[PDB]
file my_file.cif (mmCIF, C-alpha atoms)
data_upload
loop_
_atom_site.group_PDB
_atom_site.id
_atom_site.type_symbol
_atom_site.label_atom_id
_atom_site.label_comp_id
_atom_site.auth_asym_id
_atom_site.auth_seq_id
_atom_site.Cartn_x
_atom_site.Cartn_y
_atom_site.Cartn_z
ATOM 1 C CA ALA A 6 -2.741 -15.827 18.481
ATOM 2 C CA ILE A 7 -4.948 -13.089 17.088
ATOM 3 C CA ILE A 8 -2.933 -12.893 13.915
ATOM 4 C CA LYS A 9 -2.744 -16.371 12.425
ATOM 5 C CA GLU A 10 -0.077 -17.751 10.126
ATOM 6 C CA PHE A 11 -2.567 -17.699 7.238
ATOM 7 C CA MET A 12 -5.050 -14.780 7.057
ATOM 8 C CA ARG A 13 -7.489 -13.427 4.541
ATOM 9 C CA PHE A 14 -8.726 -9.878 3.946
ATOM 10 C CA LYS A 15 -11.579 -8.050 2.122
ATOM 11 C CA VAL A 16 -11.030 -4.553 0.813
ATOM 12 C CA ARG A 17 -13.185 -1.759 -0.501
ATOM 13 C CA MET A 18 -11.790 1.412 -2.021
ATOM 14 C CA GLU A 19 -13.823 4.455 -2.968
ATOM 15 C CA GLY A 20 -11.922 7.123 -4.785
ATOM 16 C CA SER A 21 -11.425 9.514 -7.651
ATOM 17 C CA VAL A 22 -8.540 10.464 -9.746
ATOM 18 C CA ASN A 23 -8.616 13.776 -11.568
ATOM 19 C CA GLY A 24 -12.344 13.835 -10.929
ATOM 20 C CA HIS A 25 -13.039 10.347 -12.286
ATOM 21 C CA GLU A 26 -15.005 8.506 -9.657
ATOM 22 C CA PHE A 27 -14.639 4.757 -9.163
ATOM 23 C CA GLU A 28 -15.082 1.912 -6.672
ATOM 24 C CA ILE A 29 -13.094 -1.268 -6.251
ATOM 25 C CA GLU A 30 -13.756 -4.414 -4.216
ATOM 26 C CA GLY A 31 -11.171 -7.042 -3.509
ATOM 27 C CA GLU A 32 -10.157 -10.080 -1.550
ATOM 28 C CA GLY A 33 -6.612 -11.119 -0.579
ATOM 29 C CA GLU A 34 -4.754 -13.701 1.407
ATOM 30 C CA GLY A 35 -1.281 -14.246 2.795
ATOM 31 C CA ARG A 36 1.091 -15.242 5.601
ATOM 32 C CA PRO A 37 1.541 -12.411 8.031
ATOM 33 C CA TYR A 38 4.703 -13.689 9.671
ATOM 34 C CA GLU A 39 6.269 -14.514 6.314
ATOM 35 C CA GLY A 40 5.656 -11.167 4.657
ATOM 36 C CA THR A 41 3.885 -12.457 1.547
ATOM 37 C CA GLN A 42 0.402 -11.802 0.279
ATOM 38 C CA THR A 43 -1.804 -11.629 -2.791
ATOM 39 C CA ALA A 44 -5.007 -9.833 -3.771
ATOM 40 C CA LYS A 45 -7.602 -10.018 -6.506
ATOM 41 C CA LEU A 46 -9.301 -6.706 -7.269
ATOM 42 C CA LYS A 47 -12.441 -5.908 -9.290
ATOM 43 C CA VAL A 48 -13.531 -2.432 -10.413
ATOM 44 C CA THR A 49 -17.199 -2.362 -9.314
ATOM 45 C CA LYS A 50 -17.942 1.225 -10.437
ATOM 46 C CA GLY A 51 -16.333 3.749 -12.808
ATOM 47 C CA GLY A 52 -14.550 1.187 -14.988
ATOM 48 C CA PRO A 53 -12.711 1.010 -17.052
ATOM 49 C CA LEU A 54 -10.313 3.340 -15.282
ATOM 50 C CA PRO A 55 -8.953 6.064 -17.349
ATOM 51 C CA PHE A 56 -5.651 6.140 -15.451
ATOM 52 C CA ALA A 57 -2.818 3.823 -14.440
ATOM 53 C CA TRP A 58 -3.693 1.086 -11.908
ATOM 54 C CA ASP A 59 -0.140 1.484 -10.636
ATOM 55 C CA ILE A 60 -1.023 4.540 -8.600
ATOM 56 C CA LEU A 61 -3.657 2.545 -6.755
ATOM 57 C CA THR A 62 -1.748 -0.645 -6.007
ATOM 58 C CA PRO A 63 0.383 0.417 -2.941
ATOM 59 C CA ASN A 64 -3.024 1.266 -1.484
ATOM 60 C CA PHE A 65 -4.207 -2.342 -1.353
ATOM 61 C CA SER A 69 -1.861 -4.262 4.082
ATOM 62 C CA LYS A 70 0.566 -3.667 6.815
ATOM 63 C CA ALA A 71 -0.265 -6.580 9.068
ATOM 64 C CA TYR A 72 1.599 -8.774 6.528
ATOM 65 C CA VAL A 73 5.178 -7.532 7.119
ATOM 66 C CA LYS A 74 7.704 -10.065 8.274
ATOM 67 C CA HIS A 75 9.441 -8.686 11.402
ATOM 68 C CA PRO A 76 12.462 -10.001 13.256
ATOM 69 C CA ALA A 77 11.799 -10.686 16.926
ATOM 70 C CA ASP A 78 13.782 -7.657 18.054
ATOM 71 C CA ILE A 79 11.646 -5.183 16.124
ATOM 72 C CA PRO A 80 8.192 -4.681 17.686
ATOM 73 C CA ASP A 81 5.458 -5.435 15.168
ATOM 74 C CA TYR A 82 3.297 -2.524 16.141
ATOM 75 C CA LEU A 83 0.735 -3.026 13.422
ATOM 76 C CA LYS A 84 0.185 -6.742 14.231
ATOM 77 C CA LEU A 85 -0.016 -5.764 17.973
ATOM 78 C CA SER A 86 -2.767 -3.310 17.086
ATOM 79 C CA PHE A 87 -5.237 -6.236 16.529
ATOM 80 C CA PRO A 88 -7.973 -7.160 17.147
ATOM 81 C CA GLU A 89 -8.984 -3.440 17.147
ATOM 82 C CA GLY A 90 -6.700 -2.590 14.312
ATOM 83 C CA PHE A 91 -5.266 0.627 13.062
ATOM 84 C CA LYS A 92 -5.685 3.483 10.597
ATOM 85 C CA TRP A 93 -3.312 5.025 8.127
ATOM 86 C CA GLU A 94 -3.118 8.277 6.119
ATOM 87 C CA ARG A 95 -0.786 8.727 3.235
ATOM 88 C CA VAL A 96 0.375 11.344 0.804
ATOM 89 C CA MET A 97 2.034 10.436 -2.574
ATOM 90 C CA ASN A 98 3.547 13.536 -4.267
ATOM 91 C CA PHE A 99 4.514 12.586 -7.788
ATOM 92 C CA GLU A 100 7.342 14.389 -9.529
ATOM 93 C CA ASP A 101 5.014 15.909 -12.149
ATOM 94 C CA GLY A 102 2.668 17.544 -9.611
ATOM 95 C CA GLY A 103 0.119 14.683 -9.366
ATOM 96 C CA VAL A 104 -1.030 14.049 -5.799
ATOM 97 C CA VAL A 105 -2.696 11.080 -4.201
ATOM 98 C CA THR A 106 -4.052 11.310 -0.679
ATOM 99 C CA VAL A 107 -5.359 8.188 1.112
ATOM 100 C CA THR A 108 -7.244 7.439 4.319
ATOM 101 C CA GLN A 109 -7.560 3.846 5.426
ATOM 102 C CA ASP A 110 -9.050 1.799 8.229
ATOM 103 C CA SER A 111 -7.922 -1.731 9.051
ATOM 104 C CA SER A 112 -9.945 -3.893 11.291
ATOM 105 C CA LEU A 113 -10.476 -7.565 12.039
ATOM 106 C CA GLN A 114 -13.796 -9.302 11.849
ATOM 107 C CA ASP A 115 -14.713 -12.882 12.159
ATOM 108 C CA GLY A 116 -11.088 -13.929 11.626
ATOM 109 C CA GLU A 117 -10.630 -11.810 8.452
ATOM 110 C CA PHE A 118 -9.194 -8.413 8.036
ATOM 111 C CA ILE A 119 -11.431 -5.698 6.673
ATOM 112 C CA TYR A 120 -9.869 -2.742 4.819
ATOM 113 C CA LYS A 121 -11.724 0.470 3.928
ATOM 114 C CA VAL A 122 -9.839 2.871 1.699
ATOM 115 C CA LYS A 123 -10.751 6.332 0.531
ATOM 116 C CA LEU A 124 -8.438 7.734 -2.212
ATOM 117 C CA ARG A 125 -8.142 11.015 -3.970
ATOM 118 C CA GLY A 126 -5.803 11.682 -6.890
ATOM 119 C CA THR A 127 -5.538 15.181 -8.281
ATOM 120 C CA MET A 128 -3.475 17.481 -10.485
ATOM 121 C CA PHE A 129 -2.114 14.733 -12.700
ATOM 122 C CA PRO A 130 -1.077 16.216 -16.107
ATOM 123 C CA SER A 131 -3.598 15.087 -18.759
ATOM 124 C CA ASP A 132 -0.724 14.022 -21.000
ATOM 125 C CA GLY A 133 1.300 12.487 -18.167
ATOM 126 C CA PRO A 134 2.182 8.824 -17.786
ATOM 127 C CA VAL A 135 -0.626 8.270 -15.195
ATOM 128 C CA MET A 136 -3.445 9.646 -17.273
ATOM 129 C CA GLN A 137 -1.962 8.111 -20.449
ATOM 130 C CA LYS A 138 -1.507 4.776 -18.835
ATOM 131 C CA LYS A 139 2.193 4.588 -19.705
ATOM 132 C CA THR A 140 3.463 2.916 -16.562
ATOM 133 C CA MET A 141 4.828 -0.545 -16.054
ATOM 134 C CA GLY A 142 5.079 -1.498 -12.323
ATOM 135 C CA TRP A 143 6.968 -0.284 -9.277
ATOM 136 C CA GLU A 144 10.586 -0.885 -8.579
ATOM 137 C CA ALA A 145 11.293 -2.528 -5.152
ATOM 138 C CA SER A 146 11.058 0.032 -2.320
ATOM 139 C CA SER A 147 12.538 0.702 1.031
ATOM 140 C CA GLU A 148 10.123 2.363 3.532
ATOM 141 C CA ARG A 149 12.077 4.130 6.190
ATOM 142 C CA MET A 150 10.210 3.802 9.510
ATOM 143 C CA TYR A 151 10.334 5.817 12.772
ATOM 144 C CA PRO A 152 7.993 6.447 15.768
ATOM 145 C CA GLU A 153 6.657 9.931 16.279
ATOM 146 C CA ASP A 154 3.672 11.479 18.099
ATOM 147 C CA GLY A 155 2.510 8.123 19.314
ATOM 148 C CA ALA A 156 2.296 6.685 15.816
ATOM 149 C CA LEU A 157 4.472 4.913 13.269
ATOM 150 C CA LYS A 158 5.793 7.048 10.428
ATOM 151 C CA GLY A 159 7.090 5.748 7.063
ATOM 152 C CA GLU A 160 8.892 7.527 4.156
ATOM 153 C CA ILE A 161 9.515 6.175 0.708
ATOM 154 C CA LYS A 162 10.923 7.468 -2.522
ATOM 155 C CA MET A 163 8.859 5.174 -4.818
ATOM 156 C CA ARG A 164 9.886 4.718 -8.424
ATOM 157 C CA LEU A 165 7.520 3.679 -11.134
ATOM 158 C CA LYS A 166 8.842 2.104 -14.355
ATOM 159 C CA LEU A 167 7.726 3.782 -17.504
ATOM 160 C CA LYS A 168 6.805 1.691 -20.572
ATOM 161 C CA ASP A 169 9.304 3.861 -22.441
ATOM 162 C CA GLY A 170 12.291 2.817 -20.409
ATOM 163 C CA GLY A 171 12.309 5.794 -18.008
ATOM 164 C CA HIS A 172 11.044 6.109 -14.414
ATOM 165 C CA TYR A 173 8.507 8.322 -12.619
ATOM 166 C CA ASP A 174 9.049 9.058 -8.971
ATOM 167 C CA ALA A 175 6.934 9.815 -5.969
ATOM 168 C CA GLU A 176 7.776 11.044 -2.513
ATOM 169 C CA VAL A 177 5.533 9.025 -0.155
ATOM 170 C CA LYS A 178 4.885 9.650 3.527
ATOM 171 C CA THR A 179 2.472 7.660 5.673
ATOM 172 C CA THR A 180 1.361 7.702 9.251
ATOM 173 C CA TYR A 181 0.136 4.417 10.740
ATOM 174 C CA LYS A 182 -1.717 4.553 14.034
ATOM 175 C CA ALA A 183 -2.975 1.795 16.270
ATOM 176 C CA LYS A 184 -6.460 2.276 17.631
ATOM 177 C CA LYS A 185 -5.151 1.426 21.111
ATOM 178 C CA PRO A 186 -1.584 2.105 22.322
ATOM 179 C CA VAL A 187 0.704 -0.751 21.685
ATOM 180 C CA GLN A 188 4.418 -0.947 21.569
ATOM 181 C CA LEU A 189 6.071 1.199 18.901
ATOM 182 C CA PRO A 190 9.350 0.050 17.355
ATOM 183 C CA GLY A 191 12.563 2.112 16.957
ATOM 184 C CA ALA A 192 13.659 3.318 13.517
ATOM 185 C CA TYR A 193 14.002 0.613 10.921
ATOM 186 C CA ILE A 194 13.480 -0.218 7.279
ATOM 187 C CA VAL A 195 10.917 -2.315 5.407
ATOM 188 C CA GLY A 196 11.930 -3.782 2.050
ATOM 189 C CA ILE A 197 8.922 -4.138 -0.204
ATOM 190 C CA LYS A 198 8.237 -5.452 -3.731
ATOM 191 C CA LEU A 199 4.770 -5.229 -5.269
ATOM 192 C CA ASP A 200 3.746 -6.586 -8.673
ATOM 193 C CA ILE A 201 0.612 -6.848 -10.716
ATOM 194 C CA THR A 202 0.753 -10.553 -11.555
ATOM 195 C CA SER A 203 -2.285 -10.657 -13.786
ATOM 196 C CA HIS A 204 -4.886 -8.542 -15.399
ATOM 197 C CA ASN A 205 -7.740 -8.796 -17.826
ATOM 198 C CA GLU A 206 -7.947 -7.133 -21.298
ATOM 199 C CA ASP A 207 -9.627 -3.959 -20.103
ATOM 200 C CA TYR A 208 -7.934 -3.919 -16.726
ATOM 201 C CA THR A 209 -11.190 -4.190 -14.824
ATOM 202 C CA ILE A 210 -9.700 -7.103 -12.894
ATOM 203 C CA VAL A 211 -6.153 -7.269 -11.623
ATOM 204 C CA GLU A 212 -4.156 -9.598 -9.307
ATOM 205 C CA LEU A 213 -1.269 -8.461 -7.066
ATOM 206 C CA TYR A 214 1.501 -10.040 -5.186
ATOM 207 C CA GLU A 215 3.445 -8.293 -2.481
ATOM 208 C CA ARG A 216 6.421 -9.250 -0.316
ATOM 209 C CA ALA A 217 7.593 -7.092 2.664
ATOM 210 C CA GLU A 218 10.205 -7.592 5.283
ATOM 211 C CA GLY A 219 11.454 -5.318 8.070
ATOM 212 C CA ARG A 220 15.153 -5.175 8.974
ATOM 213 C CA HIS A 221 17.433 -2.915 10.915
ATOM 214 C CA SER A 222 18.673 0.166 9.214
ATOM 215 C CA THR A 223 22.493 0.227 8.853
ATOM 216 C CA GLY A 224 22.332 3.996 9.465
ATOM 217 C CA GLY A 225 20.930 5.405 6.225
ATOM 218 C CA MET A 226 17.376 6.733 6.588
ATOM 219 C CA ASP A 227 17.369 9.369 3.972
ATOM 220 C CA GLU A 228 19.955 9.253 1.282
ATOM 221 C CA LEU A 229 22.165 6.507 2.559
ATOM 222 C CA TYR A 230 19.762 3.552 3.068
#
call {"tool": "encode", "arguments": {"input": "my_file.cif", "output": "structure tokens"}}
result
Amino acid sequence: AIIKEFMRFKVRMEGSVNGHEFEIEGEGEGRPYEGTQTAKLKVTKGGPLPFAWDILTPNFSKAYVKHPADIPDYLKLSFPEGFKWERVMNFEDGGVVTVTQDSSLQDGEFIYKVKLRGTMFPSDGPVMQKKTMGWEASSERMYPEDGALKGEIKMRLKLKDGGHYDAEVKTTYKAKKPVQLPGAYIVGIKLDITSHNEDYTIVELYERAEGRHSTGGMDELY
């Protein structure tokens, strides 16, 4: 076993949102075959952030998705070399977040390097005004294409003032070496910030993710 039942990770993210530069370092741990994990993140530069942490969170670990035996776990199979991923999050108000990530394994621990760029968020919008309250549970609709794994999500962020703020998210996940890709399927995910400090320079997350067969819906009917 390359991927153990209990695994830790270290993550570094360099990014900017609307021109505001920042850096974040974190450490996480979880149970890859169980689809549960946690992370503790510290802003190491550019704090306190002048925008909602919520836009950053889905950006802090695909090896930790519980998969049934009949769905190839492409991303776990990618180790020890690992994989890379590139994502686009197009928010309903024109904000855009692009992400580039590299996942590797070293000395028994995963190493994540993330580069993020957020742009065009309205200055008076919920992101810049920090008016968000956590993501609703998501369903990432997965399918193989061009020798990589593709995922689509309509993510919905809760607004402090009872509404929601949506984003159309598309990601491409690619193993460094060819390994078995799965067929189309769906991953149910729930991410929460479980703790944070007064000025939000330290936050803790918890995420649960499990793959299952689609019952047909992949777009509007999932």
call {"tool": "resolve_selection", "arguments": {"input": "my_file.cif", "expression": "the PyMOL selection byres ((chain A and resi 63) around 12)", "output": "number ranges by chain"}}
result
A: 44, 58-62, 64-65, 69-70, 95-97, 105-107, 122, 124, 142-146, 148, 161, 163-165, 175, 177, 179, 197-201, 213-217
call {"tool": "closest_residue", "arguments": {"input": "my_file.cif", "among": "A:104, A:135, A:22, A:187", "to": "residue A:152", "atoms": "all atoms listed in the file"}}
result
A:187
call {"tool": "resolve_selection", "arguments": {"input": "my_file.cif", "expression": "the PyMOL selection byres ((chain A and resi 140) around 10)", "output": "tab-separated table (two decimals) with C-alpha atoms, in the frame of the given file"}}
result
chain	number	residue	atom	x	y	z
A	56	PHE	CA	-5.65	6.14	-15.45
A	57	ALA	CA	-2.82	3.82	-14.44
A	58	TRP	CA	-3.69	1.09	-11.91
A	59	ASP	CA	-0.14	1.48	-10.64
A	60	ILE	CA	-1.02	4.54	-8.60
A	133	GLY	CA	1.30	12.49	-18.17
A	134	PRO	CA	2.18	8.82	-17.79
A	135	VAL	CA	-0.63	8.27	-15.20
A	136	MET	CA	-3.44	9.65	-17.27
A	137	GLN	CA	-1.96	8.11	-20.45
A	138	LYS	CA	-1.51	4.78	-18.84
A	139	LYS	CA	2.19	4.59	-19.70
A	141	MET	CA	4.83	-0.55	-16.05
A	142	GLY	CA	5.08	-1.50	-12.32
A	143	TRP	CA	6.97	-0.28	-9.28
A	165	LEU	CA	7.52	3.68	-11.13
A	166	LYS	CA	8.84	2.10	-14.36
A	167	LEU	CA	7.73	3.78	-17.50
A	168	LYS	CA	6.80	1.69	-20.57
A	169	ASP	CA	9.30	3.86	-22.44
A	170	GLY	CA	12.29	2.82	-20.41
A	171	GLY	CA	12.31	5.79	-18.01
A	172	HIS	CA	11.04	6.11	-14.41
A	173	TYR	CA	8.51	8.32	-12.62
call {"tool": "resolve_selection", "arguments": {"input": "my_file.cif", "expression": "the PyMOL selection byres ((chain A and resi 39-41) around 6)", "output": "PyMOL selection string"}}
result
chain A and resi 35-38+42+72-74+215-218
call {"tool": "atom_distance", "arguments": {"input": "my_file.cif", "atom1": "atom CA of residue A:24", "atom2": "atom CA of residue A:103"}}
result
12.6 Å
call {"tool": "residues_around", "arguments": {"input": "my_file.cif", "residues": "residue A:182", "least_positions_apart": "4", "cutoff": "6 Å", "atoms": "all atoms listed in the file", "output": "list in words"}}
result
residues 91, 92 and 156 of chain A
call {"tool": "residues_around", "arguments": {"input": "my_file.cif", "residues": "residue A:89", "least_positions_apart": "6", "cutoff": "9 Å", "atoms": "all atoms listed in the file", "output": "PyMOL selection string"}}
result
chain A and resi 111-113+183-185
call {"tool": "atom_distance", "arguments": {"input": "my_file.cif", "atom1": "atom CA of residue A:12", "atom2": "atom CA of residue A:155"}}
result
27.1 Å
call {"tool": "closest_residue", "arguments": {"input": "my_file.cif", "among": "A:90, A:126, A:225, A:20", "to": "residue A:50", "atoms": "all atoms listed in the file"}}
result
A:20
call {"tool": "closest_residue", "arguments": {"input": "my_file.cif", "among": "A:205, A:49, A:127, A:43", "to": "residue A:19", "atoms": "all atoms listed in the file"}}
result
A:49
call {"tool": "atom_distance", "arguments": {"input": "my_file.cif", "atom1": "atom CA of residue A:45", "atom2": "atom CA of residue A:119"}}
result
14.4 Å
call {"tool": "closest_residue", "arguments": {"input": "my_file.cif", "among": "A:71, A:79, A:29, A:211", "to": "residue A:14", "atoms": "all atoms listed in the file"}}
result
A:71
call {"tool": "closest_residue", "arguments": {"input": "my_file.cif", "among": "A:221, A:28, A:116, A:228", "to": "residue A:6", "atoms": "only C-alpha atoms"}}
result
A:116
call {"tool": "closest_residue", "arguments": {"input": "my_file.cif", "among": "A:32, A:178, A:54, A:25", "to": "residue A:94", "atoms": "all atoms listed in the file"}}
result
A:178
call {"tool": "residues_around", "arguments": {"input": "my_file.cif", "residues": "residue A:193", "least_positions_apart": "4", "cutoff": "12 Å", "atoms": "all atoms listed in the file", "output": "PyMOL selection string"}}
result
chain A and resi 75-76+78-81+147-152+157-160+189+218-227+230
call {"tool": "decode", "arguments": {"input": "my_file.cif", "residues": "stretch 192-205 of chain A", "atoms": "N, CA, C and O atoms", "output": "tab-separated table (two decimals), in the first residue's frame"}}
result
chain	number	residue	atom	x	y	z
A	192	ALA	N	-18.03	7.49	-15.99
A	192	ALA	CA	-18.65	8.67	-15.40
A	192	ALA	C	-19.19	8.31	-14.05
A	192	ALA	O	-19.64	7.18	-13.86
A	193	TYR	N	-19.17	9.24	-13.12
A	193	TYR	CA	-19.70	8.96	-11.80
A	193	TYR	C	-19.87	10.26	-11.06
A	193	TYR	O	-19.63	11.32	-11.63
A	194	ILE	N	-20.32	10.19	-9.81
A	194	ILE	CA	-20.51	11.39	-9.04
A	194	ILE	C	-19.86	11.32	-7.69
A	194	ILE	O	-19.87	10.28	-7.02
A	195	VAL	N	-19.29	12.44	-7.26
A	195	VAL	CA	-18.67	12.52	-5.90
A	195	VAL	C	-19.46	13.48	-5.02
A	195	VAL	O	-19.64	14.67	-5.39
A	196	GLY	N	-19.98	12.98	-3.89
A	196	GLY	CA	-20.73	13.83	-3.00
A	196	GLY	C	-19.74	14.42	-2.01
A	196	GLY	O	-18.99	13.65	-1.34
A	197	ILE	N	-19.72	15.74	-1.91
A	197	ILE	CA	-18.77	16.38	-1.02
A	197	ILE	C	-19.43	17.38	-0.09
A	197	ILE	O	-20.36	18.02	-0.46
A	198	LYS	N	-18.90	17.52	1.12
A	198	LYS	CA	-19.35	18.51	2.10
A	198	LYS	C	-18.09	19.06	2.81
A	198	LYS	O	-17.34	18.27	3.43
A	199	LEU	N	-17.89	20.39	2.68
A	199	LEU	CA	-16.74	21.02	3.28
A	199	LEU	C	-17.24	22.08	4.25
A	199	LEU	O	-18.14	22.86	3.94
A	200	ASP	N	-16.60	22.14	5.43
A	200	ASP	CA	-16.96	23.16	6.42
A	200	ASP	C	-15.76	23.76	7.11
A	200	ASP	O	-14.81	23.05	7.42
A	201	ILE	N	-15.85	25.04	7.40
A	201	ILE	CA	-14.81	25.64	8.22
A	201	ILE	C	-15.26	25.30	9.66
A	201	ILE	O	-16.33	25.69	10.08
A	202	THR	N	-14.50	24.55	10.40
A	202	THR	CA	-14.93	24.13	11.70
A	202	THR	C	-14.50	25.06	12.81
A	202	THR	O	-15.08	25.02	13.92
A	203	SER	N	-13.49	25.88	12.51
A	203	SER	CA	-12.95	26.82	13.47
A	203	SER	C	-12.15	27.90	12.79
A	203	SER	O	-11.56	27.69	11.72
A	204	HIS	N	-12.13	29.05	13.46
A	204	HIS	CA	-11.34	30.13	13.00
A	204	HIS	C	-11.03	31.06	14.14
A	204	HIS	O	-11.70	31.05	15.14
A	205	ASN	N	-9.99	31.84	13.97
A	205	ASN	CA	-9.59	32.81	14.97
A	205	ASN	C	-10.25	34.18	14.68
A	205	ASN	O	-10.81	34.38	13.62
